[PDB]
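Accompanying notes for the structure given below.
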Amino acid sequence: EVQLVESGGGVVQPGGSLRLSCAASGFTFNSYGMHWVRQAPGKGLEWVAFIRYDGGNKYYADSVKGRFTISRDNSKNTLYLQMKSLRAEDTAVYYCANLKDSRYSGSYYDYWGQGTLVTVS
Amino acid sequence: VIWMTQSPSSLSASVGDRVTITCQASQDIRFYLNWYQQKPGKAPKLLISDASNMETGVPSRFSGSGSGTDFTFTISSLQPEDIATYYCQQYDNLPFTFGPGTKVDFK
Amino acid sequence: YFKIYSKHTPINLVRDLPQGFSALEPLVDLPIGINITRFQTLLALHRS
Amino acid sequence: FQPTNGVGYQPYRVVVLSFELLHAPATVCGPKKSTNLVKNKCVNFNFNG
Ligand SMILES: *[C@@H]1O[C@H](CO)[C@@H](O[C@@H]2O[C@H](CO)[C@@H](O[C@@H]3O[C@H](CO)[C@@H](O)[C@H](O)[C@@H]3O)[C@H](O)[C@H]2NC(C)=O)[C@H](O)[C@H]1NC(C)=O
């Protein structure tokens, strides 16, 4: 029932920008906080950002702070990641996810999308 | 920031073998550690939350425990279907971090 | 402090919430000192 | 212990009251003293803080 669908990937040049989105359905999107996670080819999982259920407080990884912005539209059940001044090091598959977290998001269930590839070169 | 490490980075085992993966934190994450299993081409699947709480649908052969800085993930009887890279995630404080990941291969 | 407010009113509607305004009065304030991030509703089941 | 033991040898009961004050809601407080209520006069007052 629960689905998360990333889109907006593709190939961009260094110093450019790209906005990702994730469509959520099958659950009460506006009740959960959401995360972005990226995985570069040949690499493990890197946490990128988190936004609270109300779209208020925002958190980012040190590797993206000052360049990436996280947002959400709770009327369209869509999560967004706005990345600007992307570098070659930012090439990765970007996922939207609802990560089980007993301390912050309060999520009791763990959901992941499919992942969208963003290439910078 | 809390740094996470895993050991071994890679292990090989056969069917029925006991497989253990060690994950360490540079700080005290209490019991706040998620264990994920990722197979090629797929998003990570959560197997264990809060250090030792098994997720619904996860086979009884999977288990884990630990507190503070030292955590262990165990498979009591490795199956052909358990070949994957396992990750630990800490969520004591933001930013959240994942360990390097431990690859389990087939002997 | 775990604060609970409550109100009890009659209703003649189904499958929805009523229109109109009604304020909830404070019920109890518990000096507990714990963290809450998740909750679950408890239902009663009969052994029959 | 024996009933005929000297003062320093006799048994004594000890109770120790440890007071914990952390960054948390208080659970134990001493009693509050109240005075009589005065009306129709200029007074200072304190009603439950
Ligand atoms: C309820 O949740 C709050 C918020 O997460 C918890 O507060 C956190 O408590 C930890 C310690 O248990 C704090 O970590 C400490 O930070 C200081 C300063 O950097 C450092 O010197 C210590 O070594 C330790 O890392 C954490 O900062 C604090 N978070 C906030 C926002 O204040 C609280 O403990 C939770 N309650 C319970 C019962 O778990």
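Descriptive notes on the structure:
- Considering only D:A26, B:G57, B:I29, the residue lying farthest towards the positive end of the dipole of the protein assembly as shown is D:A26, judged by Cα position with unit charges set on Cβ.
- GNM flexibility winner over chain B from B:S49, B:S65, B:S26 (Cα, springs under 10 Å): B:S26
- Vicinal HN-Hα couplings computed from phi for segment B:98-107 (Karplus, 6.51 cos²θ - 1.76 cosθ + 1.60; Hz; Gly/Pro x): 10, x, x, x, 10, 8, 9, 9, 9, 4
- When each of C:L24, C:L17, B:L94, B:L78 is scored by the number of other beta-carbon atoms lying within 10 Å, the sequence from fewest to most is C:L17, C:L24, B:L94, B:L78.
- Sequence-distant contacts, meaning Cα pairs under 8 Å at least 6 residues apart, place the relative contact order of chain B at 38 percent.
- The relative contact order of chain C comes to 49 percent, based on Cα pairs under 8 Å that sit 6 or more residues apart.
- Per-residue shielding of C:31-38, expressed as the average number of other chain Cβ atoms within 10 Å of the residue Cβ, stands at 4.
- C-alpha center-to-center spacing [segment B:1-17, segment A:1-25] in angstrom: 31
- In a DSSP loop and with at most 11 other Cβ atoms within 10 Å, there are no chymotrypsin sites (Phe, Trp or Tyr not before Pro) in segment A:1-103.
- Distance from segment B:18-66 to segment D:18-36 (C-alpha centre basis), Å: 44
- Burial ordering of A:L86, A:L45, fewest other beta-carbon atoms within 10 Å first: A:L86, A:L45
- Residue of A:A40, A:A24, A:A49 that the Gaussian network model of chain A assigns the largest fluctuation, springs spanning Cα pairs under 10 Å: A:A40
- The relative contact order of segment A:3-120, computed from alpha carbon pairs under 8 Å that lie at least 6 residues apart in sequence, is 34 percent.
- If you bin all the Cα-Cα distances of chain B at 5 Å, starting from zero, the percentages per bin are 3, 13, 26, 26, 19, 9, 3, 1.
- DSSP bridge pairs, segment B:4-106: antiparallel proportion in percent, nearest 5: 90
- The protein assembly as shown: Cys lacking any partner C-beta under 4.7 angstrom: D:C29, D:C42
- Springs between Cα atoms under 10 Å define the GNM used for chain B, and in it the highest mean-square fluctuation of B:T72, B:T85, B:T56 occurs at B:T56.
- Overall dimensions of segment A:3-120 by Cα: Rg and Dmax, Å: 13.4, 39
- The HN-Hα couplings worked out from phi for segment D:40-48 by the Karplus form 6.51 cos²θ - 1.76 cosθ + 1.60 (θ = phi - 60°) are 6, 9, 6, 9, 8, 9, 9, 9, 6 Hz, whole numbers, x standing for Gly and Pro.
- Net charge of neighbours whose Cβ lies under 15 Å from the Cβ of B:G66, counting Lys and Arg as +1 and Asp and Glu as -1: -3
- ³J(HN,Hα) computed for each position of segment B:20-34 - Karplus, 6.51 cos²θ - 1.76 cosθ + 1.60, integer Hz, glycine/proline x: 10, 10, 9, 10, 10, 10, 5, 9, 7, 9, 6, 10, 7, 9, 9
Laboratory data are not the source of any read-out in this text; all were calculated from the coordinates shown. Cβ: placed from backbone, ideal geometry, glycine included. Neighbour counts: every protein chain shown.
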